[PDB]
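Chemist: Here it is: the structure, laid out below.
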Amino acid sequence: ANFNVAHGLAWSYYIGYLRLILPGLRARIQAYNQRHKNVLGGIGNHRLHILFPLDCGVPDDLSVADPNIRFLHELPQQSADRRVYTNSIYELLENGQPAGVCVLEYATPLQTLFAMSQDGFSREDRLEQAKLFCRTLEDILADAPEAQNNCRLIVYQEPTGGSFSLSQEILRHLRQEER
Amino acid sequence: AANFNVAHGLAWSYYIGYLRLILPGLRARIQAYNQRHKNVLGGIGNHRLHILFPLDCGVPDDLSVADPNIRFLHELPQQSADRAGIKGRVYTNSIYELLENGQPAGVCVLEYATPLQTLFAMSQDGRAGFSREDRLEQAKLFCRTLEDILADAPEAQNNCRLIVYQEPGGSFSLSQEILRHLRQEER
Ligand SMILES: Nc1ncnc2c1ncn2[C@@H]1O[C@@H]2COP(=O)(O)O[C@H]3[C@@H](O)[C@H](n4cnc5c(N)ncnc54)O[C@@H]3COP(=O)(O)O[C@H]2[C@H]1O
């Protein structure tokens with residue numbers, strides 16, 4: 001196998017990241033809310049929202065994907081006990097008005113798939129690997145209750161500066177989680 | 001979650017997500033460290049990342065404490081960047097001193113191949129179909145695939161050195177293993 005990379009991407013994304021960061025996430029958010037809620041305001045949704053563009057278009061700045069996605073504040077790492085993990089909180093605008101807040105990022109390994117297709121790895125091949133990556137990761141999560149409860153995959157096919165609104169897509173998911 | 005053929009993905013992941021991102025700027029970070037510390041701490045002449053590949057996938061989370069003959073010296077200037085929506089994601093690399101016969105004998109930028117931790121964790125998660133024996137062949141295949149990738153990345157190959165080894169305790173010194181590699185490159 002030279003380009004069957006999806007199983008390795010899914011297992012490393014879970015074992016080397018989600019498994020490690022998700023258990024401490026709620027306590028980091030509770031610390032943030034204690035620090036900020038009386039001034040900046042607090043975060044109600046305690047899940048990590050993971051953007052999964054099947055076309056592997058992964059800008060490093062979410063506002064490049066959609067100008068209605070605005071960086072709010074860093075979610076700092078937990079203090080070292082007596083590799084660091086930081087995350088980024090974003091607000092989502094609708095009608096030039098704040099409509100949602102959450103912890104939000106892309107599934108970074110989709111960038112590996114993107115880079116591979118830029119130099120015998122097709123874009124046909126890339127989409128099949130992206131889909132296999134997603135399905136393998138969802139299979140793993142479905143077997144991991146607490147990890148599954150502390151994050152949400154947001155999967156979509158669009159290339160993100162056309163008519164598709166990534167902010168609207170995230171907001172639909174946020175409003176669905178409150179359900 | 002039953003296809004554990006992960007080594008090809010681990011290699012391409014490590015290359016694109018780490019080596020291609022960190023190796024181009026590494027020499028400049030070492031030069032910047034030398035500039036800030038040369039007249040006090042002494043210079044680091046070897047500018048390559050030394051990457052430890054224990055084929056048994058044993059990765060201590062503190063290399064310095066793990067070995068009495070390997071001592072942390074100084075972190076490099078941090079590399080911070082927006083990464084896939086995480087603002088200011090940080091990549092840190094560390095200089096270590098290697099001791100021999102009790103005395104300092106080498107200094108270099110050093111770390112473990114972190115994907116080996118994934119393979120180790122896989123072999124302990126209670127799933128059927130992945131034992132220590134499967135983990136070893138995935139580790140070898142990961143190493144083999146990564147070296148195949150770097151054979152066609154000459155700039156990356158000139159900015160790092162892969163230190164691949166089996167491990168038996170006192171019949172193998174990691175510091176000795178690293179020193180032999182350092183001395184080979186000086187050649
Ligand atoms: N501290 C962190 N912050 C944010 N996300 C994190 C993270 N650590 C892990 N992840 C996520 O998990 C994926 C796999 O991590 P893993 O460490 O297994 O596999 C990593 C690791 O072997 C190496 N690597 C990446 N960042 C590193 C670092 N700061 N130090 C050492 N090695 C790193 O490159 C591989 C692929 O990296 P990539 O980013 O593409 O893919 C990462 C990233 O999506």
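Scheme for the structure tokens: letters A, B, ... for chains in order shown; per-chain residue numbers from 1; ligand numbers from 1 in order shown.
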With 8 Å as the limit and counting only C-alpha atoms, what residues in chain B lie close to chain A? Please list them as JSON, numbers by chain.

Modeler: {"B": [1, 3, 4, 5, 6, 7, 8, 9, 10, 12, 13, 16, 17, 82, 83, 84, 85, 86, 87, 89, 90, 115, 117, 118, 121, 122]}

Chemist: Using only C-alpha atoms, determine which residues lie at most 9 Å from residue 32 of chain B, disregarding the query and same-chain residues fewer than 5 positions distant; provide the list as a list in words.

Modeler: residues 27, 37, 76 and 77 of chain B

Chemist: Write down as a PDB file with N, CA and C atoms, in the first residue's frame the residues of segment 3-179 of chain A whose backbone DSSP state falls under helix (DSSP H, G or I).

Modeler:
```pdb
ATOM      1  N   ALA A   6      -5.499   6.242   5.154  1.00  0.00           N
ATOM      2  CA  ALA A   6      -6.630   6.703   5.948  1.00  0.00           C
ATOM      3  C   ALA A   6      -6.690   6.008   7.300  1.00  0.00           C
ATOM      4  N   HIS A   7      -6.348   4.718   7.356  1.00  0.00           N
ATOM      5  CA  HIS A   7      -6.450   4.030   8.636  1.00  0.00           C
ATOM      6  C   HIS A   7      -5.438   4.600   9.615  1.00  0.00           C
ATOM      7  N   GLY A   8      -4.242   4.915   9.121  1.00  0.00           N
ATOM      8  CA  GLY A   8      -3.238   5.520   9.974  1.00  0.00           C
ATOM      9  C   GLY A   8      -3.621   6.915  10.428  1.00  0.00           C
ATOM     10  N   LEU A   9      -4.231   7.705   9.532  1.00  0.00           N
ATOM     11  CA  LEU A   9      -4.691   9.035   9.918  1.00  0.00           C
ATOM     12  C   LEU A   9      -5.768   8.953  10.998  1.00  0.00           C
ATOM     13  N   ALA A  10      -6.729   8.044  10.840  1.00  0.00           N
ATOM     14  CA  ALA A  10      -7.823   7.986  11.809  1.00  0.00           C
ATOM     15  C   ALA A  10      -7.324   7.509  13.172  1.00  0.00           C
ATOM     16  N   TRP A  11      -6.514   6.440  13.197  1.00  0.00           N
ATOM     17  CA  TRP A  11      -6.039   5.923  14.482  1.00  0.00           C
ATOM     18  C   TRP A  11      -5.119   6.918  15.184  1.00  0.00           C
ATOM     19  N   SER A  12      -4.273   7.625  14.435  1.00  0.00           N
ATOM     20  CA  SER A  12      -3.380   8.564  15.107  1.00  0.00           C
ATOM     21  C   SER A  12      -4.144   9.802  15.560  1.00  0.00           C
ATOM     22  N   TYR A  13      -5.115  10.259  14.768  1.00  0.00           N
ATOM     23  CA  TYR A  13      -5.920  11.389  15.210  1.00  0.00           C
ATOM     24  C   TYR A  13      -6.678  11.064  16.492  1.00  0.00           C
ATOM     25  N   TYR A  14      -7.178   9.834  16.617  1.00  0.00           N
ATOM     26  CA  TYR A  14      -7.858   9.450  17.853  1.00  0.00           C
ATOM     27  C   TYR A  14      -6.860   9.213  18.988  1.00  0.00           C
ATOM     28  N   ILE A  15      -5.949   8.254  18.808  1.00  0.00           N
ATOM     29  CA  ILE A  15      -5.072   7.846  19.903  1.00  0.00           C
ATOM     30  C   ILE A  15      -4.098   8.956  20.293  1.00  0.00           C
ATOM     31  N   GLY A  16      -3.566   9.679  19.315  1.00  0.00           N
ATOM     32  CA  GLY A  16      -2.603  10.710  19.613  1.00  0.00           C
ATOM     33  C   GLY A  16      -3.161  12.087  19.866  1.00  0.00           C
ATOM     34  N   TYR A  17      -4.486  12.247  19.870  1.00  0.00           N
ATOM     35  CA  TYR A  17      -5.065  13.568  20.087  1.00  0.00           C
ATOM     36  C   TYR A  17      -6.388  13.487  20.835  1.00  0.00           C
ATOM     37  N   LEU A  18      -7.457  12.994  20.189  1.00  0.00           N
ATOM     38  CA  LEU A  18      -8.778  13.038  20.814  1.00  0.00           C
ATOM     39  C   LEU A  18      -8.775  12.323  22.159  1.00  0.00           C
ATOM     40  N   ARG A  19      -8.225  11.104  22.193  1.00  0.00           N
ATOM     41  CA  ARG A  19      -8.171  10.323  23.430  1.00  0.00           C
ATOM     42  C   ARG A  19      -7.507  11.097  24.563  1.00  0.00           C
ATOM     43  N   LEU A  20      -6.514  11.931  24.234  1.00  0.00           N
ATOM     44  CA  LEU A  20      -5.691  12.682  25.180  1.00  0.00           C
ATOM     45  C   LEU A  20      -6.306  14.022  25.585  1.00  0.00           C
ATOM     46  N   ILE A  21      -6.819  14.783  24.618  1.00  0.00           N
ATOM     47  CA  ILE A  21      -7.312  16.124  24.932  1.00  0.00           C
ATOM     48  C   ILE A  21      -8.771  16.126  25.419  1.00  0.00           C
ATOM     49  N   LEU A  22      -9.640  15.232  24.931  1.00  0.00           N
ATOM     50  CA  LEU A  22     -11.052  15.367  25.290  1.00  0.00           C
ATOM     51  C   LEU A  22     -11.330  15.202  26.787  1.00  0.00           C
ATOM     52  N   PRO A  23     -10.660  14.311  27.539  1.00  0.00           N
ATOM     53  CA  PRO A  23     -11.025  14.157  28.957  1.00  0.00           C
ATOM     54  C   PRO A  23     -10.842  15.421  29.775  1.00  0.00           C
ATOM     55  N   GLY A  24      -9.843  16.248  29.463  1.00  0.00           N
ATOM     56  CA  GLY A  24      -9.651  17.475  30.208  1.00  0.00           C
ATOM     57  C   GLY A  24     -10.375  18.693  29.672  1.00  0.00           C
ATOM     58  N   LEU A  25     -11.141  18.536  28.591  1.00  0.00           N
ATOM     59  CA  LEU A  25     -11.687  19.700  27.903  1.00  0.00           C
ATOM     60  C   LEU A  25     -12.701  20.429  28.774  1.00  0.00           C
ATOM     61  N   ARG A  26     -13.663  19.695  29.343  1.00  0.00           N
ATOM     62  CA  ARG A  26     -14.677  20.355  30.154  1.00  0.00           C
ATOM     63  C   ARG A  26     -14.046  21.125  31.315  1.00  0.00           C
ATOM     64  N   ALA A  27     -13.009  20.578  31.941  1.00  0.00           N
ATOM     65  CA  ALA A  27     -12.425  21.300  33.063  1.00  0.00           C
ATOM     66  C   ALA A  27     -11.685  22.551  32.592  1.00  0.00           C
ATOM     67  N   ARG A  28     -11.093  22.513  31.393  1.00  0.00           N
ATOM     68  CA  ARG A  28     -10.511  23.734  30.846  1.00  0.00           C
ATOM     69  C   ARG A  28     -11.594  24.770  30.555  1.00  0.00           C
ATOM     70  N   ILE A  29     -12.746  24.324  30.053  1.00  0.00           N
ATOM     71  CA  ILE A  29     -13.815  25.271  29.745  1.00  0.00           C
ATOM     72  C   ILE A  29     -14.407  25.845  31.029  1.00  0.00           C
ATOM     73  N   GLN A  30     -14.506  25.027  32.081  1.00  0.00           N
ATOM     74  CA  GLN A  30     -15.014  25.531  33.354  1.00  0.00           C
ATOM     75  C   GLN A  30     -14.077  26.573  33.950  1.00  0.00           C
ATOM     76  N   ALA A  31     -12.765  26.363  33.803  1.00  0.00           N
ATOM     77  CA  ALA A  31     -11.776  27.339  34.255  1.00  0.00           C
ATOM     78  C   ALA A  31     -11.878  28.633  33.456  1.00  0.00           C
ATOM     79  N   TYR A  32     -12.020  28.509  32.140  1.00  0.00           N
ATOM     80  CA  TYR A  32     -12.233  29.679  31.295  1.00  0.00           C
ATOM     81  C   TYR A  32     -13.480  30.441  31.717  1.00  0.00           C
ATOM     82  N   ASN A  33     -14.590  29.732  31.934  1.00  0.00           N
ATOM     83  CA  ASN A  33     -15.831  30.431  32.266  1.00  0.00           C
ATOM     84  C   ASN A  33     -15.714  31.129  33.612  1.00  0.00           C
ATOM     85  N   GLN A  34     -15.037  30.489  34.572  1.00  0.00           N
ATOM     86  CA  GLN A  34     -14.772  31.134  35.854  1.00  0.00           C
ATOM     87  C   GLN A  34     -13.954  32.413  35.667  1.00  0.00           C
ATOM     88  N   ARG A  35     -12.977  32.382  34.761  1.00  0.00           N
ATOM     89  CA  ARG A  35     -12.107  33.532  34.528  1.00  0.00           C
ATOM     90  C   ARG A  35     -12.822  34.656  33.779  1.00  0.00           C
ATOM     91  N   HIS A  36     -13.723  34.322  32.855  1.00  0.00           N
ATOM     92  CA  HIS A  36     -14.159  35.302  31.868  1.00  0.00           C
ATOM     93  C   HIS A  36     -15.635  35.671  31.902  1.00  0.00           C
ATOM     94  N   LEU A  62      -9.624  30.205  10.198  1.00  0.00           N
ATOM     95  CA  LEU A  62     -11.015  29.875   9.909  1.00  0.00           C
ATOM     96  C   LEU A  62     -11.732  31.039   9.249  1.00  0.00           C
ATOM     97  N   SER A  63     -11.323  32.282   9.545  1.00  0.00           N
ATOM     98  CA  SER A  63     -11.996  33.419   8.917  1.00  0.00           C
ATOM     99  C   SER A  63     -11.700  33.498   7.419  1.00  0.00           C
ATOM    100  N   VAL A  64     -10.638  32.829   6.958  1.00  0.00           N
ATOM    101  CA  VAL A  64     -10.397  32.688   5.522  1.00  0.00           C
ATOM    102  C   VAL A  64     -11.435  31.756   4.897  1.00  0.00           C
ATOM    103  N   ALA A  65     -11.840  30.717   5.627  1.00  0.00           N
ATOM    104  CA  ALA A  65     -12.913  29.851   5.149  1.00  0.00           C
ATOM    105  C   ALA A  65     -14.238  30.603   5.058  1.00  0.00           C
ATOM    106  N   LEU A 110      -6.445  16.074   7.442  1.00  0.00           N
ATOM    107  CA  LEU A 110      -6.899  16.311   6.068  1.00  0.00           C
ATOM    108  C   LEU A 110      -5.889  17.132   5.272  1.00  0.00           C
ATOM    109  N   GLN A 111      -5.061  17.935   5.959  1.00  0.00           N
ATOM    110  CA  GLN A 111      -3.983  18.654   5.285  1.00  0.00           C
ATOM    111  C   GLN A 111      -2.925  17.705   4.733  1.00  0.00           C
ATOM    112  N   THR A 112      -2.673  16.585   5.414  1.00  0.00           N
ATOM    113  CA  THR A 112      -1.766  15.576   4.864  1.00  0.00           C
ATOM    114  C   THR A 112      -2.302  15.025   3.544  1.00  0.00           C
ATOM    115  N   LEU A 113      -3.594  14.705   3.507  1.00  0.00           N
ATOM    116  CA  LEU A 113      -4.204  14.263   2.263  1.00  0.00           C
ATOM    117  C   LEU A 113      -4.093  15.342   1.188  1.00  0.00           C
ATOM    118  N   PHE A 114      -4.366  16.597   1.548  1.00  0.00           N
ATOM    119  CA  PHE A 114      -4.260  17.672   0.567  1.00  0.00           C
ATOM    120  C   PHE A 114      -2.856  17.745  -0.019  1.00  0.00           C
ATOM    121  N   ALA A 115      -1.838  17.752   0.848  1.00  0.00           N
ATOM    122  CA  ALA A 115      -0.454  17.885   0.384  1.00  0.00           C
ATOM    123  C   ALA A 115      -0.056  16.720  -0.509  1.00  0.00           C
ATOM    124  N   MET A 116      -0.495  15.507  -0.159  1.00  0.00           N
ATOM    125  CA  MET A 116      -0.184  14.329  -0.971  1.00  0.00           C
ATOM    126  C   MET A 116      -0.710  14.473  -2.393  1.00  0.00           C
ATOM    127  N   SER A 117      -1.887  15.074  -2.554  1.00  0.00           N
ATOM    128  CA  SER A 117      -2.491  15.206  -3.876  1.00  0.00           C
ATOM    129  C   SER A 117      -1.883  16.337  -4.694  1.00  0.00           C
ATOM    130  N   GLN A 118      -1.001  17.146  -4.106  1.00  0.00           N
ATOM    131  CA  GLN A 118      -0.447  18.299  -4.800  1.00  0.00           C
ATOM    132  C   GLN A 118       0.785  17.964  -5.630  1.00  0.00           C
ATOM    133  N   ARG A 123      -6.821  13.362  -7.009  1.00  0.00           N
ATOM    134  CA  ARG A 123      -7.891  14.001  -6.248  1.00  0.00           C
ATOM    135  C   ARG A 123      -9.103  13.090  -6.140  1.00  0.00           C
ATOM    136  N   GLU A 124      -9.354  12.295  -7.175  1.00  0.00           N
ATOM    137  CA  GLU A 124     -10.175  11.098  -7.023  1.00  0.00           C
ATOM    138  C   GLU A 124      -9.719  10.269  -5.830  1.00  0.00           C
ATOM    139  N   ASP A 125      -8.431   9.910  -5.793  1.00  0.00           N
ATOM    140  CA  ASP A 125      -7.923   9.111  -4.684  1.00  0.00           C
ATOM    141  C   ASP A 125      -8.060   9.846  -3.359  1.00  0.00           C
ATOM    142  N   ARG A 126      -7.825  11.161  -3.371  1.00  0.00           N
ATOM    143  CA  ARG A 126      -7.862  11.931  -2.130  1.00  0.00           C
ATOM    144  C   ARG A 126      -9.237  11.873  -1.474  1.00  0.00           C
ATOM    145  N   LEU A 127     -10.300  12.038  -2.265  1.00  0.00           N
ATOM    146  CA  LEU A 127     -11.647  12.023  -1.701  1.00  0.00           C
ATOM    147  C   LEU A 127     -11.985  10.663  -1.105  1.00  0.00           C
ATOM    148  N   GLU A 128     -11.535   9.576  -1.739  1.00  0.00           N
ATOM    149  CA  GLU A 128     -11.801   8.267  -1.151  1.00  0.00           C
ATOM    150  C   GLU A 128     -11.035   8.086   0.157  1.00  0.00           C
ATOM    151  N   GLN A 129      -9.804   8.590   0.229  1.00  0.00           N
ATOM    152  CA  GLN A 129      -9.087   8.514   1.494  1.00  0.00           C
ATOM    153  C   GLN A 129      -9.747   9.384   2.551  1.00  0.00           C
ATOM    154  N   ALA A 130     -10.205  10.582   2.167  1.00  0.00           N
ATOM    155  CA  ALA A 130     -10.872  11.464   3.119  1.00  0.00           C
ATOM    156  C   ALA A 130     -12.117  10.803   3.691  1.00  0.00           C
ATOM    157  N   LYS A 131     -12.899  10.153   2.828  1.00  0.00           N
ATOM    158  CA  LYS A 131     -14.104   9.468   3.278  1.00  0.00           C
ATOM    159  C   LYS A 131     -13.766   8.282   4.169  1.00  0.00           C
ATOM    160  N   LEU A 132     -12.734   7.517   3.807  1.00  0.00           N
ATOM    161  CA  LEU A 132     -12.331   6.384   4.635  1.00  0.00           C
ATOM    162  C   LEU A 132     -11.798   6.846   5.989  1.00  0.00           C
ATOM    163  N   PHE A 133     -11.004   7.921   5.995  1.00  0.00           N
ATOM    164  CA  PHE A 133     -10.566   8.563   7.235  1.00  0.00           C
ATOM    165  C   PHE A 133     -11.765   8.906   8.123  1.00  0.00           C
ATOM    166  N   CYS A 134     -12.779   9.550   7.544  1.00  0.00           N
ATOM    167  CA  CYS A 134     -13.946   9.948   8.324  1.00  0.00           C
ATOM    168  C   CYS A 134     -14.686   8.726   8.865  1.00  0.00           C
ATOM    169  N   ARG A 135     -14.966   7.753   7.997  1.00  0.00           N
ATOM    170  CA  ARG A 135     -15.691   6.564   8.452  1.00  0.00           C
ATOM    171  C   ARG A 135     -14.897   5.778   9.486  1.00  0.00           C
ATOM    172  N   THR A 136     -13.586   5.621   9.283  1.00  0.00           N
ATOM    173  CA  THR A 136     -12.794   4.929  10.294  1.00  0.00           C
ATOM    174  C   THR A 136     -12.825   5.676  11.621  1.00  0.00           C
ATOM    175  N   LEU A 137     -12.711   7.008  11.582  1.00  0.00           N
ATOM    176  CA  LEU A 137     -12.746   7.780  12.821  1.00  0.00           C
ATOM    177  C   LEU A 137     -14.103   7.661  13.494  1.00  0.00           C
ATOM    178  N   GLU A 138     -15.185   7.771  12.721  1.00  0.00           N
ATOM    179  CA  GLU A 138     -16.502   7.605  13.317  1.00  0.00           C
ATOM    180  C   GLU A 138     -16.686   6.211  13.905  1.00  0.00           C
ATOM    181  N   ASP A 139     -16.130   5.175  13.258  1.00  0.00           N
ATOM    182  CA  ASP A 139     -16.216   3.835  13.837  1.00  0.00           C
ATOM    183  C   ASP A 139     -15.549   3.786  15.206  1.00  0.00           C
ATOM    184  N   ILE A 140     -14.353   4.384  15.309  1.00  0.00           N
ATOM    185  CA  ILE A 140     -13.601   4.420  16.561  1.00  0.00           C
ATOM    186  C   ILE A 140     -14.395   5.156  17.631  1.00  0.00           C
ATOM    187  N   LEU A 141     -14.893   6.352  17.293  1.00  0.00           N
ATOM    188  CA  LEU A 141     -15.646   7.153  18.258  1.00  0.00           C
ATOM    189  C   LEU A 141     -16.888   6.423  18.755  1.00  0.00           C
ATOM    190  N   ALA A 142     -17.659   5.814  17.846  1.00  0.00           N
ATOM    191  CA  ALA A 142     -18.858   5.082  18.253  1.00  0.00           C
ATOM    192  C   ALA A 142     -18.562   4.020  19.308  1.00  0.00           C
ATOM    193  N   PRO A 145     -17.414   5.929  24.226  1.00  0.00           N
ATOM    194  CA  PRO A 145     -18.522   6.793  24.676  1.00  0.00           C
ATOM    195  C   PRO A 145     -18.134   8.191  25.140  1.00  0.00           C
ATOM    196  N   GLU A 146     -17.150   8.324  26.032  1.00  0.00           N
ATOM    197  CA  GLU A 146     -16.897   9.655  26.572  1.00  0.00           C
ATOM    198  C   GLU A 146     -16.249  10.552  25.530  1.00  0.00           C
ATOM    199  N   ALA A 147     -15.333  10.006  24.728  1.00  0.00           N
ATOM    200  CA  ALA A 147     -14.783  10.788  23.624  1.00  0.00           C
ATOM    201  C   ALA A 147     -15.894  11.257  22.697  1.00  0.00           C
ATOM    202  N   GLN A 148     -16.806  10.346  22.339  1.00  0.00           N
ATOM    203  CA  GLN A 148     -17.901  10.699  21.443  1.00  0.00           C
ATOM    204  C   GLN A 148     -18.769  11.811  22.023  1.00  0.00           C
ATOM    205  N   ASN A 149     -18.998  11.792  23.341  1.00  0.00           N
ATOM    206  CA  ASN A 149     -19.819  12.813  23.988  1.00  0.00           C
ATOM    207  C   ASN A 149     -19.113  14.166  24.109  1.00  0.00           C
ATOM    208  N   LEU A 166     -20.050  28.196   5.678  1.00  0.00           N
ATOM    209  CA  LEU A 166     -19.572  27.301   6.726  1.00  0.00           C
ATOM    210  C   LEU A 166     -20.131  27.691   8.094  1.00  0.00           C
ATOM    211  N   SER A 167     -20.247  28.990   8.364  1.00  0.00           N
ATOM    212  CA  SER A 167     -20.813  29.425   9.638  1.00  0.00           C
ATOM    213  C   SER A 167     -22.244  28.920   9.816  1.00  0.00           C
ATOM    214  N   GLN A 168     -23.075  29.061   8.781  1.00  0.00           N
ATOM    215  CA  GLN A 168     -24.431  28.516   8.853  1.00  0.00           C
ATOM    216  C   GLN A 168     -24.425  27.007   9.113  1.00  0.00           C
ATOM    217  N   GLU A 169     -23.492  26.276   8.485  1.00  0.00           N
ATOM    218  CA  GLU A 169     -23.391  24.834   8.716  1.00  0.00           C
ATOM    219  C   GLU A 169     -23.070  24.519  10.179  1.00  0.00           C
ATOM    220  N   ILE A 170     -22.115  25.239  10.766  1.00  0.00           N
ATOM    221  CA  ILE A 170     -21.771  25.019  12.173  1.00  0.00           C
ATOM    222  C   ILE A 170     -22.952  25.374  13.085  1.00  0.00           C
ATOM    223  N   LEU A 171     -23.625  26.491  12.808  1.00  0.00           N
ATOM    224  CA  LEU A 171     -24.736  26.922  13.658  1.00  0.00           C
ATOM    225  C   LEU A 171     -25.859  25.886  13.675  1.00  0.00           C
ATOM    226  N   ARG A 172     -26.201  25.327  12.505  1.00  0.00           N
ATOM    227  CA  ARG A 172     -27.184  24.248  12.453  1.00  0.00           C
ATOM    228  C   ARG A 172     -26.797  23.106  13.382  1.00  0.00           C
ATOM    229  N   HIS A 173     -25.515  22.732  13.393  1.00  0.00           N
ATOM    230  CA  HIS A 173     -25.052  21.683  14.294  1.00  0.00           C
ATOM    231  C   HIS A 173     -25.176  22.114  15.758  1.00  0.00           C
ATOM    232  N   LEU A 174     -24.774  23.353  16.075  1.00  0.00           N
ATOM    233  CA  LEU A 174     -24.878  23.835  17.457  1.00  0.00           C
ATOM    234  C   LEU A 174     -26.319  23.797  17.950  1.00  0.00           C
ATOM    235  N   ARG A 175     -27.241  24.318  17.140  1.00  0.00           N
ATOM    236  CA  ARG A 175     -28.643  24.333  17.534  1.00  0.00           C
ATOM    237  C   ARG A 175     -29.188  22.914  17.684  1.00  0.00           C
ATOM    238  N   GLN A 176     -28.634  21.957  16.932  1.00  0.00           N
ATOM    239  CA  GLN A 176     -29.049  20.558  17.033  1.00  0.00           C
ATOM    240  C   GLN A 176     -28.513  19.893  18.299  1.00  0.00           C
ATOM    241  N   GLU A 177     -27.337  20.310  18.773  1.00  0.00           N
ATOM    242  CA  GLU A 177     -26.798  19.731  19.998  1.00  0.00           C
ATOM    243  C   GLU A 177     -27.608  20.152  21.219  1.00  0.00           C
TER     244      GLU A 177
END
```

Chemist: Please provide the set of residues having any atom within 10 Å of segment 173-184 of chain B, restricted to only C-alpha atoms, with same-chain residues fewer than 5 positions apart removed, written as a list in words.

Modeler: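 Contacts, in chain order: residues 46, 48, 50, 51, 52, 54, 67, 68, 69, 70, 71, 97, 98, 99, 100, 105, 106, 107, 108, 110, 161, 162, 163, 164, 165 and 167 of chain B.
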
Chemist: Nearest to residue 164 of chain A among A:76, A:66, A:98, A:122, with distances taken over only C-alpha atoms: which residue is it?

Modeler: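 For residue 164 of chain A, the nearest of the given residues is A:66.
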
Chemist: Using atom CA of residue 33 of chain B and atom CA of residue 92 of chain B as the two end points, give the distance in Å to one decimal.

Modeler: 12.9 Å

Chemist: So the first atom is atom CA of residue 74 of chain B and the second is atom CA of residue 95 of chain B; what is the distance between them in Å, to one decimal place?

Modeler: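 Rounded to one decimal, the two atoms are 5.2 Å apart.
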
Chemist: Considering only C-alpha atoms and all ligand atoms, state which residue in the set B:91, B:96, B:72, B:172 is at the smallest distance from ligand 1.

Modeler: B:91

Chemist: Nearest to residue 23 of chain B: which of B:47, B:35, B:101, B:135 is it, counting only C-alpha atoms?

Modeler: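 Among B:47, B:35, B:101, B:135, it is B:47 that comes nearest to residue 23 of chain B.
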
Chemist: From a DSSP calculation on the backbone, collect every residue of segment 2-177 of chain A in strand (DSSP E) and output the set as a PyMOL selection string.

Modeler: chain A and resi 48-53+69-75+87-93+98-106+151-156

Chemist: Can you tell me, as JSON, numbers by chain, what residues are no more than 9 Å from residue 55 of chain B when counting only C-alpha atoms, ignoring any on the same chain fewer than 3 positions away?

Modeler: {"B": [58, 116, 136, 137, 139, 140, 143, 164, 165, 166, 167]}

Chemist: Would you mind reading off the distance between atom CA of residue 185 of chain B and atom CA of residue 39 of chain B, one decimal, in Å?

Modeler: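 Separation of atom CA of residue 185 of chain B and atom CA of residue 39 of chain B: 25.1 Å.
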